[PDB]
Each structure stands twice: as C-alpha cells, then as structure tokens.
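Colleague: sequence first, structure after, both from an experimental entry:
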Amino acid sequence: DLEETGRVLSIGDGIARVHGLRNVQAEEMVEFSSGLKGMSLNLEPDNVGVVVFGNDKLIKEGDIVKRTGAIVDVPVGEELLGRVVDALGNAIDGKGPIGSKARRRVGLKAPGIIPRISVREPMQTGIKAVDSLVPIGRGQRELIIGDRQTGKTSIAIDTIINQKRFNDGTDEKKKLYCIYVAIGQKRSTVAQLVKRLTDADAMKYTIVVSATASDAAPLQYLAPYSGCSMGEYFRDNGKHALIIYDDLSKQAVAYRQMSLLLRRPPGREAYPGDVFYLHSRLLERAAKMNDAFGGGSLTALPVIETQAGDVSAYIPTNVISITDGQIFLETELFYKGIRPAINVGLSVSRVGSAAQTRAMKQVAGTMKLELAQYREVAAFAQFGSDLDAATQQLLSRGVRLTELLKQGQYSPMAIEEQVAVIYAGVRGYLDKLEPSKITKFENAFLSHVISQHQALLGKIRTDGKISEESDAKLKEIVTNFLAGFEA
Amino acid sequence: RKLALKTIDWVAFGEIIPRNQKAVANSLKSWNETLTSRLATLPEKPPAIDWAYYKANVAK
Amino acid sequence: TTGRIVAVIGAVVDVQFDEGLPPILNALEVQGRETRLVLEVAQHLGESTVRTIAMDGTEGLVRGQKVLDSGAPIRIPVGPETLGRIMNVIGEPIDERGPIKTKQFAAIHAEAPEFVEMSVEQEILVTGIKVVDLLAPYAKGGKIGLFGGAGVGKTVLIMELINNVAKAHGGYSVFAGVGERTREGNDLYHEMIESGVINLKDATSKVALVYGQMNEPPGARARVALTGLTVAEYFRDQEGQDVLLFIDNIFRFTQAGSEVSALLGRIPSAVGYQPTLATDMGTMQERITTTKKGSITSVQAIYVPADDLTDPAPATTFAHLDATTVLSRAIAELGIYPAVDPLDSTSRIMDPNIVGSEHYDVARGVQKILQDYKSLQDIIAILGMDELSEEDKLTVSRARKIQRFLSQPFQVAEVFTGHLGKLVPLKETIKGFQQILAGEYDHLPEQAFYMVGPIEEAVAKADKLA
Amino acid sequence: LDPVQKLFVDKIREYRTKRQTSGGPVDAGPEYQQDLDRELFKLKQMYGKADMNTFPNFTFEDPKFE
C-alpha cells in the first residue's frame, strides 16, 4: 500500500509537515518510514503537523508517512508491576517483553461524579511527619513540592518502600500499585533509583515508567498519560494505584517546546495555557472511585521540584488550584540537617482526616497544635527567643516534637510504630529528655516496642486507633520504658 | 554456641572497684551495648544455592 | 551530493542540494571552499534545501556555490594520538604538531549508552579539597558541573583540580575547551608542556586537548562538545579508561546552540534559549557517564549566566549533576578560596551512609551551623549583635572560623595567591571542622583558619598570633 | 523461531547454518572473537576477581575482648 501514506512534506527538527494521509484521524499515532510513531497532532488542511516521536536525524524529506491509523494506546497490565519500561512499554531495564500486552488508550477520560467516590481511606508513607502531619488518603492528586535530590526522591522512596508491607498486606487498600512516572529523570537518576526500588523490591507492585533526560520530549510528555490510562485501569479494577509524576514541571517544558516547534504557543512563562488543562484532564483521571470501579483508586502524587520555591509560577499556581494542597518541603531545615526538611505551614492537606488512622489522629492532633504554638513564639516577635514562661515549657514540648517528626535518611515505618513514638512525645515522657536524644530514644524505644509491644501494637494495629489496652499499656510503657531508656 | 543466659543488673554492674576494672566496667558496659545491638540484629541464617539451577546454567 | 549556497546568512548556511537531501546531520564539505568548511545539515527544509550550519567563516560563498556532501554526518579521527594534542573540534591539530592522525574516525553525534551497562551507582572521588570532599562528595566518573561565575578563580580552580588530580590519575584526561580562551588554552598549553604530562614524547599524553574556542563560530563551539565526547567515549569504553573529561565550558556550547536558535528560524526559548535546550542536555549529557566500560569523570565548566542559576539553563543542569558544583561568588568576593557555595554544591552521595555518615555528620553539624548562621544574616545585617543570643554568638565566631577554615590558598597559583596553597587529606578535614564543633578554638584568632589546608596548620596560624 | 518461509528460508536456515557449524559456527567471526576476548577479560575486571572456577572456602576470626 501506499495511498494513505504520505510523503514528508517538510522535516527538520522533528517537526514534520506531512504530506498526505489526508483522511487522518485526529491525534492519530502515525507510522513511519523510519518505523517510528508520530502524532498527527495538527491537522492543518495542507499538512499534517506531525510531532515526531523520537529521533529525526534518521529522517529525511518526502519520506513516507504511513498511517498507524491508531490513536495511541499503551500496553496495560499489572505486568508493569515489576517492570521498567519506557512509556510505550519498552523495557529499558532489559527485562524483556512485559506481560502487559493488553493495550489501552492513554487518554481514557476522567470519572463521573457518581462514579467517583470521596476518600475516606487513609494510606500512609512510613514517615511520621508525613502520616501525622499530612495523613495520606487514597485516590489523590495533591502536590508534592520540594527540590531535587536531597533524596527528594527519598521521600517518595520511603513511601514506596512503605507500601511494600502493604503490598505484603492485602486489599488495594493496603496493597498498592506504585507507579512511578519518572519524567526526565536521567538514566543515571533512574539507574540509581530503580536500583533502589529493586533493592527494596517494593518494585514488585510497581511500575517504573522511566523517561530519562535523554528521551524525546513528547515521549516524556506522554509518559504520564501512558501511566494515566494504566492507573485508571487499576483504579477501575479496584486497584489503587499510586502515581508519582515526577515531574510535570519538566513535562511542561517539553510540552511547550513541542508546541513551539509546532509554533503552537508559548503562553505565560512561555508555556501555552492548556498545559493546565493537560494536567487537569490527566489528573482528574486520578480519583478514588466507587465500587462499581472496584472502588479503586489512582492516587496521584504529582511532584513539582521547584526552582527557588517559585510557585506563583504558572504551572505551580495552576497545579495549586487543582491540588488540594501542596506539601512543601523546607530547605533551611535540610541544611540544619533537618531532613525531612518541611515547612508544613506550606504543606497542607485540606483533606486532613479522611487520610488517617485514629491512632495517629489522637496523638497528632494536639501535636500539630503544639508545634504551631511553638512556632508562633518564635514568630510574633520574629525571634526564637521567648515571650512567656509557660511557653518556655511549651517550646520544649514543640522542640521535642521537632526531633520526632524527622525521618531517617532512607527509612519508612508503619502507623502503629509511628504512633508509638508519637504518643511518647505527645503525652510527654521525653521533655524530660534533651531534644537530640529523642530520636535516639526512638532507636531503642522502637526496638523495644517492636520486641515487646508488638503485642500491644498488635492491638493498636488492630484498632487503627490507640485503644484502652494500648494506651493503658502505653502510659505505662512509655513511662517505664522511657524510664528504662534513660535509666 | 547458642546464647548465654546471664542477666545483668546494670545498677550493680558499673560500681565495682577491683580498682583496675571499675573504669573498665563503665567502658565494658558500653562495649557490651555495641556487641549487644550487633548480635541482636544479625540475620540468623544466610541463604544457600539452588545448585541444580546453576548446575545447568554455569557452563564452565 | 552537491548543494548550492542558496542563502548565507552568516554561518547559517542555507543550502539547497538538489542532489537529494542526505541526513539531517549529514555533514557537508563546501566546494569552492578549499578551506574545509563543514556544514552540518540541520533541517530538511523542504525544497531540497536544508538549513545547515557552517561552523566556520563564510568568505566567498557565492550564492549557488557548490557544496559537496561529506556523505555522513561529521566524522573525526579518534585514536590515542590525540592525547597531548590540541585538537580542535575538527579532529585536526591545534597542537600544531602536524595532523592528529588516527586509525579510526567516528561520527561524533551518537547514542547515549543504554541503561544496563551503565553502572547504576558510583563512588565518591576525592579532590584533595576539604570543602569539596566533605561537603559535596563528588563521584568518580560522575558529571560534576562547575557552576561558577566569569573567571571567578574557577578557571584557576579547575587548573588546580587538574593539578590535584590528573597527575594522580590512572586513566587519562581530556580537556575539551568549549569556548575556551585561546589564551587559557595557551596557558594551559604551557602548563601542560610544563607539566610534561603533556609530554610530547607522547601524543599519548596523560591529557588530550580538544579545543573549540570562542573565536570559532558557534557551530564549531556547539560541536566541539560532541567531538570531544566521541573521542572520550572511545577512550573510556574503547580504551577502557577512566577518562577525566574536562570540559570548560559547556555553557559556551549551550550558548552556541542558543545563538543559532534564532536563525535556526526557531523561537529561541526563554531569554532567547532553545526549546530543545533540554534535549540538548540529554543528548550530550546522557552520552557521558560511567559505564561498566569505564568512567568518564565529567567535569563541566558551567558558566552560570549572570550567576543566574534560577536561569533555566543552570536550572536544568542540576538535574544532570552527580555533583553540582556551585562556586559562590559571594564568598569568592570575600576573597575566599575555597570560594564555593557549598550549601548549593551537592553530591547526591552527600547522604550519610554512603560516605561514612560520621564524615557526613560532622558536616551536618557544620552545615547546619553555618546555615543557621546564614539565617541570621538579615537580622545581623542591621542589628549586628547585642540583643541576640549567646550560643549564636559562639556559632557566629565558630562559623567565622569555619568559614575561614574552608579557605585554602592555591598551591599552583602561588602566582595568584602569593601563598603557597595547601592540600588536606580527610582526617584533618573531618576532624578539622569537628574540632571547631568542639570549639577548641574560641579564644584562638578566628580569621586564622583562613587560607589553610590542615586545621593543625590553621591552629598554628591562630597561634603565632596567639 | 519466527516466520516467513522464503525470506526466513534465507534467514531461519541461517539461524542454524551458524549452529550447523560449531568450530567457527559458519563464522565464529574473528571480530566476534576479538571483542569477545576484550569484553571477557573486561567483564572479568568489572567482576569480582577471585577465580570463577574455584571454590572460596572459609575464613576465621577473633573479636575484641578486654
């Protein structure tokens, strides 16, 4: 055949004015002379502006443009879990052909109202600060914001790793498919990263969609959408999928770029405007769905890595307006050594309670406050030096909690454990301790509660809540054990 | 061997004065706790090999 | 195949070859251009016209003039005979020891090796600098990118680094002078002559120079990066080597790209950039790394435009960086050398475990201390001192020592320093600051930590005073 | 292994034409041999190095006591 074939009307720069194919379906994935796909994104009447998917040095002009005649699909499956692919589903891991050889349109629309359901599942990350201060739900789309490797990713890692146990738990409500859409994260970055997940083999329920820095832009752009169909799939199949889009920031960069090369605009900040829309449509596809959809979820953890905390920054403003909070991670703290380095004032979950255990809620509620207040006397009068004696204690309390909300570099947890140390501080047994040693207290304390109070924990774990047993034991434990920790 | 069951009253422990050892006790406790934390972790068994698998598969 | 000069707008050479259009990237040799005028095809514009780039002079280019396709993309000799040679971009000398002749030629545009032979992890290289090693423990074969202002002692530093390293090196080294000054290359030349590790009983020297200077048109500057890569990938992978690849300065490459963008008819992105700026990054950067096939320790001088880093170009760069080396002009201004902004310079392997977390931790206290101390600076800036808090007063002083303690004069550039510079191995470093953490000096003259290597000597420097 | 019979006749017999000889499997190919020798040693360098056709038996130790 060569009749719904076309000749490359002009090419250079991977911007193919495409002669022919004049019956072309909009957004048809097209098929190359170079084999390759392209997208007939632009139907101009006299050409098809074809975004060339991948390298074009190969390419030359008048070259035959073939329909693929397909609007893009991506292979879909759970056989993406334990696979590093590029978005077309190409093993770059060298793990060979994916079990995911079902395919699914990468665009599949976002849920209905009734189809959706609100969240009320928690979820967690193994990070005290997180689960406490940003208790996690399921079916999300909420902003992760922070700058790069610091183990920026650590944050995510401990979460993914944290889901391991949950994947060692059951339900899609413990078990979780993690989807790491890596947008523009170099081969190295990934190389390393993947290397980690694998090591944690939290990878097992986990897709790593790997779009490294090298990759062509639409591809990278696409990578999430690719993921998107797959995660909705999981969602609709009851599966609760977690996508970490790290990051759309880069995605935009590509997307505009692509646009520009198509001469398709550079809106505010050089990005054309429906990149919001881009994502909106993308992200609405992340939801916690009702049971007709298996109840599943696609929890979206979009990531934006900020340049200098630039957030009124278009895409960030945009994103903010979709997201239901942002989790700001704070650098100064980092330098202080405080990793996680948060500013939780600038981390918000409007959501709050749908996202958590009672256990935590009970100890944390107050804690948030105790720090808040602590901060406040650092702040009204922008001095860490005090304004009232009461608070000279309270500040101690705050300070203690400060030691506690940290999270070890390369370390997740689970909720009862988390609560364990938290209760200890919240209900205070360690302001009768120096703040640096609090964490130290935990090492022992934790290894103790793990040892002993796995029983007790058995209860807390059971209740999702601190119970009378647990508590009663706790009050006692903490005091006694603490007493043992010290003396 | 297995584990030795000696219980240590740490209260009494440091106190000793056979004087060449009181200082030693203070250090030996902490020297202990280093050893204590170490052993308490170490994974009890390592794995071993699917000889048949590699028996096929190693072709030196 | 032949082309007609159809339009020359500078070294953006619009060529119509009507003799078919060989690849985008097909390298062209211009006819009627005795002096080898390479154009690389950029676009198949249509009309059998390509937009090509001359990298070079556009003398006597009659519009119509015949251009003969070189029939492949740009290929260059690669071979050991390049070391100790200053090769230009075009595979030719600028060693001017006759042609840099090699066995094999290589097309210089190439693939970014696949993930799996890429070693996924790396190990901190030691630079012999406290400040570096401690604070941003860069990795062997990593891409370390030296952000740094204009001539900010960076150039000095890199040379010093060469000095510290290249010598010691087991594999070999490459210097790719991207937009380098002819002069610096000169300087370097002599330094190298001098060093004699550009030994000329070696065209197999310890260091190969590939230069693609400023005076070249951008296309050349643009391309020297690929060229150099191609050689080095050859030494690393092919010649096994641990290559140290000194690139000074990729920015100038970047710039060369950007510079063309306009008159690539493109929208030159923000500030003029490239929309493809990023892909540009992938496309070189992903090619350079450490495989299992050796290491390319990739030293990128990165001019930080206007020391603007938020500046998307650098903004991107960090991502690519195994080691991000941020030179603090601010510090530099304090005359300080090591002049770094180390609270900006990183190594991902700066993360406890990896590097010996003590080592790190000792750093964490410092990093903190300084940072808090940094925090104070607005307050202090007005307020100075006397209603603040004491502990801070201590830190201030301590920080002030620490600050000084990072400082180390130049060993090479005693010509620059006057001083003899210093070199510090780990222990004095780890300890050094740690000692300051112990505040053992808090009655010892604070500035005395300035321009020192070993803390011992620094202690000494306090002492002679008192 | 795969399909089309006239083309694959050209190739599938050429799968096994290579295998249908085994001292230089209709070509081991000197280049294949050379780069093989390169990568096989280089692989060895990239490996751990304690000979791969020998058993690493045990070692013994004696820990710090005061």
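Modeller: Here it is on my side, so go on. Residues are numbered from 1 along each chain as shown, chains lettered A, B, ... in the order given.
Colleague: partner residues bridging the residue in chain A positioned nearest to chain C?
Modeller: When scored by CB to the nearest CB, chain A has residue A:12 as its residue closest to chain C, at 2.4 Å. Using the backbone N, CA and C atoms, a C-beta is placed for each residue, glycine as well. Judged by DSSP bridges, the bridge partners of residue A:12 are residue A:15.
Colleague: that one contacts residue C:51, correct?
Modeller: Yes - between residue A:12 and residue C:51 a contact is recorded at 6.8 Å, counting by CB atoms under 8 Å.
Colleague: for the residue of chain D found nearest chain B, give its distance to chain A.
Modeller: The minimum distance from chain D to chain B, using CB to the nearest CB, falls at residue D:53 (5.5 Å). Residue D:53 is 27 Å from chain A, where distance means CB to the nearest CB, to the nearest Å.
Colleague: what is the neighbour count of that residue?
Modeller: 6 (other CB atoms under 10 Å in any protein chain shown).
Colleague: same check on the one 4 residues further on?
Modeller: By the criterion of other CB under 10 Å, residue D:57 has 5 neighbours.
Colleague: returning to what we had before: between residue A:12 and residue C:51, which contacts overlap?
Modeller: With contacts taken as CB atoms under 8 Å, 6 or more residues apart in numbering or on different chains, residue A:12 and residue C:51 have C:42-43, C:45 as neighbours in common.
Colleague: what's the residue of chain D closest to chain B sitting at in phi/psi?
Modeller: The phi/psi pair for residue D:53 (degrees, to the nearest 10) reads phi -110, psi 30.
Colleague: next one: residue A:146
Modeller: phi 170, psi 170.
Colleague: quick one: contacts for the nearest residue to it once chain neighbours are set aside?
Modeller: With CB to CB, 6 or more residues apart in numbering or on different chains as the criterion, residue A:146 has its nearest non-adjacent residue at 3.2 Å, and that residue is residue A:329. Under the criterion of CB under 8 Å, 6+ apart, the neighbours of residue A:329 are A:144-147, A:152, A:155, A:340-343, A:347.
Colleague: repeat for residue C:8
Modeller: C:14, C:54, C:58, C:61, C:63.
Colleague: what about residue C:244, helix or strand, and which?
Modeller: strand C:242-248 (DSSP states H and E).
Colleague: that strand - contacts with which helices or strands?
Modeller: helix C:154-165, strand C:172-178, helix C:218-233, strand C:294-303 (3 or more CB pairs under 8 Å, 6 or more residues apart in numbering or on different chains; DSSP states H and E).
Colleague: turn these into JSON lines, including mean neighbour count and distance to chain A.
Modeller: Shown next, in JSON lines, are the helices and strands packed on strand C:242-248 (neighbours: other CB atoms under 10 Å in any protein chain shown; distance: least, CB to the nearest CB, whole Å):
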{"stretch": "helix C:154-165", "mean neighbour count": "21", "distance to chain A": "21"}
{"stretch": "strand C:172-178", "mean neighbour count": "28", "distance to chain A": "19"}
{"stretch": "helix C:218-233", "mean neighbour count": "27", "distance to chain A": "12"}
{"stretch": "strand C:294-303", "mean neighbour count": "28", "distance to chain A": "11"}
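Colleague: any idea how far residue B:19 lies from residue B:25?
Modeller: Distance, residue B:19 to residue B:25, using CB to CB, to the nearest Å: 11 Å.
Colleague: out of these two, which sits in the busier spot?
Modeller: residue B:25 (18 against 8).
Colleague: quick one: the more buried one and residue B:13 touch, right?
Modeller: Yes - using CB under 8 Å, residue B:25 makes contact with residue B:13 at a distance of 6.0 Å.
Colleague: tell me the residue of chain A that sits nearest chain B?
Modeller: For chain A, CB to the nearest CB, closest residue to chain B: residue A:447, 8.0 Å.
Colleague: ditto for the stretch 51-200 of chain C
Modeller: For the stretch 51-200 of chain C, CB to the nearest CB, closest residue to chain B: residue C:116, 19.6 Å.
Colleague: how does chain A divide into domains?
Modeller: A:1-70, A:71-356, A:357-487 (CATH domains of a matching chain).
Colleague: need the distance between the two termini of the last one.
Modeller: Which is domain A:357-487. The first residue of domain A:357-487 is 32 Å away from its last residue (CA to CA, to the nearest Å).
Colleague: so the closest residue to chain C within chain B, which of the three states?
Modeller: Residue nearest to chain C within chain B: residue B:34 (15.0 Å; CB to the nearest CB). Using DSSP: H, G, I helix; E, B strand; the rest coil, the structure places residue B:34 in helix.
Colleague: would you mind measuring from it to residue C:357?
Modeller: 16 Å.
Colleague: now residue A:360
Modeller: 29 Å.
Colleague: who's more crowded, those two?
Modeller: residue A:360 (27 against 14).
Colleague: so what's that one up against?
Modeller: A:131-132, A:135, A:415, A:418-419, A:422.
Colleague: if we use 10 Å, what do you get?
Modeller: Counting by CB atoms under 10 Å, 6 or more residues apart in numbering or on different chains, residue A:360 touches A:122, A:124, A:128, A:131-133, A:135, A:367, A:415-416, A:418-419, A:422-423, A:464-466.
Colleague: quick revisit: which element is the residue of chain A closest to chain B on?
Modeller: Assigned by DSSP H and E, residue A:447 falls in helix A:438-451.
Colleague: next SSE downstream of the longest helix anywhere in chain A?
Modeller: In chain A, taking DSSP state H as the definition, the longest helix is helix A:358-379. The helix or strand immediately downstream of helix A:358-379 is helix A:389-405, counting by DSSP H and E.
Colleague: please tell me how far the residue nearest in space to the middle of chain B sits from residue B:4.
Modeller: The structure's chain B has its C-alpha centroid closest to residue B:39; by CA atoms, centre = their mean the separation is 3.0 Å. From residue B:39 across to residue B:4, the span is 11 Å (CB to CB).
Colleague: check the secondary structure at residue A:457 for me.
Modeller: Going by three-state DSSP: residue A:457 is helix.
Colleague: show me what contacts it?
Modeller: By CB under 10 Å, 6+ apart, the residues touching residue A:457 are A:414-417, A:419-420, A:449-450, A:470, A:473-474.
Colleague: so what's the residue of chain B closest to chain C up against?
Modeller: Contact analysis of residue B:34 by CB under 10 Å, 6+ apart lists residue D:64.
Colleague: please redo it, this time with the cut-off set to 7 Å
Modeller: Not one residue lies near residue B:34 by CB atoms under 7 Å, 6 or more residues apart in numbering or on different chains.
Colleague: what segments of the chain are helices?
Modeller: Went with chain A since none was named. A:128-133, A:154-167, A:187-199, A:217-236, A:248-261, A:275-284, A:314-322, A:331-336, A:358-379, A:389-405, A:415-426, A:438-451, A:454-463, A:468-486.
Colleague: try again with chain B
Modeller: Listed in chain order, the helices of chain B (DSSP H) span B:10-13, B:22-41, B:51-57.
Colleague: next, the angle helix A:454-463 makes with the longest helix of chain A.
Modeller: 90 degrees (axes from the mean of the first three to the mean of the last three CA atoms, to 10 degrees).
Colleague: alright, that wraps it up for me.
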